[PDB]
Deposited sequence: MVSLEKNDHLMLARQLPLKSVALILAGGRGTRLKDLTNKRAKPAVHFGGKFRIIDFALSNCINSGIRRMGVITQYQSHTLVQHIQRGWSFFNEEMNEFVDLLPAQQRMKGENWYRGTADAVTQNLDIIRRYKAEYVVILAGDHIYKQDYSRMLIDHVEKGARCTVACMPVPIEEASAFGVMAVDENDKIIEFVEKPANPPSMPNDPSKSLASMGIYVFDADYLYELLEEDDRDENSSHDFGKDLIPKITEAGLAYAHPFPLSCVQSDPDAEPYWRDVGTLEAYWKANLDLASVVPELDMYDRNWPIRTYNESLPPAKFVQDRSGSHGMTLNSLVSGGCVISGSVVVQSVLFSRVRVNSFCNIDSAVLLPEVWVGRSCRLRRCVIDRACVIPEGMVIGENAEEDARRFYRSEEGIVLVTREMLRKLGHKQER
């Protein structure tokens, strides 16, 4: 009755989505947004993936914990994720938390409300990552292994493993050693090029988690963080187990590598968006069997019109969302979000244009990210002069330019934000 254990498991589970992430490494992109509220994929926000994974996994009871610049995130939840009939034991609960002087503390603050859920299993999720996963499969593995805490894990390049918690496991996926964000990451025994990293995705026995949080709240030596404090304590007790991500990762092509993006840097964010514009994207957004939902506005179809000279337009490996109006121009390796306006004689290459961007005539944009509702003045060139770009806007080490409404205003260009 693995199908019975399957169904009965999400029904006794509650998902807690940590959506307080500041996303500091994203620079001005998160100055007035929480990282889970960051735009992605032309019409989505990052938090939509964790929420959609819960729905598709059979977990219809969700608690979204927020802490940093929460308005746009709350509004998004209100407009796209408030379709539930709570009498049927399904809901998306907004659980605000206050900054106190870690991730476990935000859950501890809302512990009274979470206890009233009367859940047997608690699924802890990071709401600022992009991935597809069937949490019901992880729940089964958690129960079959008899674990008190199950941590989703995945091999990552060792040069990037210092940003994660790194672990070493048993013959029966039991965690033996755990270190949080090591400067010198231990490598996997079968492969020195990779480290076994924690994905920030946990399954907990509910009663055990409550006791653990109560003890952690009373501990004066703790930073009240899941990775830095709780997971090592559970590992030392021998009650923590690991869950290989390929067991539950949802992907159309089974021969491909498991998709998971933390979207930590501006370059990684720019890279992840343009992946969807490529011929064969690593992330499949056309899968009807694991759909990602979001707030769907009644935008008009993407409109392509002749330029002022009556000439046509060209498009190469690009995404154009609804409500856009493009006058001829050249759009290459770019992702245009909703209601983006591109005027005549423009050249847009390897660019990410967030919703409501207005691009003036005769502009050239290369290897850049244009923030929401930016009004680009006629003739502006971006991505061709490294020194001039760094003066006017933010320019990353890799050469990716970020443009913001405040930046354009300081330059004297009028803008309606």
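- Positions of the deposited sequence absent from the coordinates, in order: 1-7, 109-115.
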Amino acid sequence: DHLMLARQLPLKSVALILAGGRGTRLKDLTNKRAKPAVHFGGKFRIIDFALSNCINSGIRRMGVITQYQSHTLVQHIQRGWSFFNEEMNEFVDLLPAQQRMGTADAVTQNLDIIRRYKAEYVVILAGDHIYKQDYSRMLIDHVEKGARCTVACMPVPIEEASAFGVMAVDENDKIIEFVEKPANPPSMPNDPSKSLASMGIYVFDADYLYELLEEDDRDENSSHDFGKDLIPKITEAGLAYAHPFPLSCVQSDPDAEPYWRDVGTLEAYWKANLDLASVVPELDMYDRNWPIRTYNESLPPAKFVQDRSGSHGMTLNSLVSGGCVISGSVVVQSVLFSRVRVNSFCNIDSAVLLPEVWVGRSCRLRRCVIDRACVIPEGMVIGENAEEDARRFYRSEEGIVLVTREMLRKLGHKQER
From here on, numbers count along this sequence of modelled residues.
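- Comparing 388-396 with 51-59, the higher mean C-alpha B-factor in the PDB entry belongs to 388-396.
- For the pair 132-140 and 310-318, the mean B factor over Cα atoms is greater in 310-318.
- Across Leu354, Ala37, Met380, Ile65, the greatest Cα temperature factor reported in the deposited entry is at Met380.
- Taking the PDB entry at face value, the top CA B factor among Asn172, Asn110, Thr294, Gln75 belongs to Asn172.
- Looking at the C-alpha B-factors along this chain, the one for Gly264 belongs to the middle third.
- Ranked within its chain, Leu29 lands in the middle third, by CA B factor from the PDB record.
- Looking at the C-alpha B-factors along this chain, the one for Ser82 belongs to the middle third.
- Compared with the other modelled residues of the chain, the Cα B-factor recorded for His224 ranks in the lowest third.
- Ranked by C-alpha B-factor against the other modelled residues of its chain, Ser248 falls in the lowest third.
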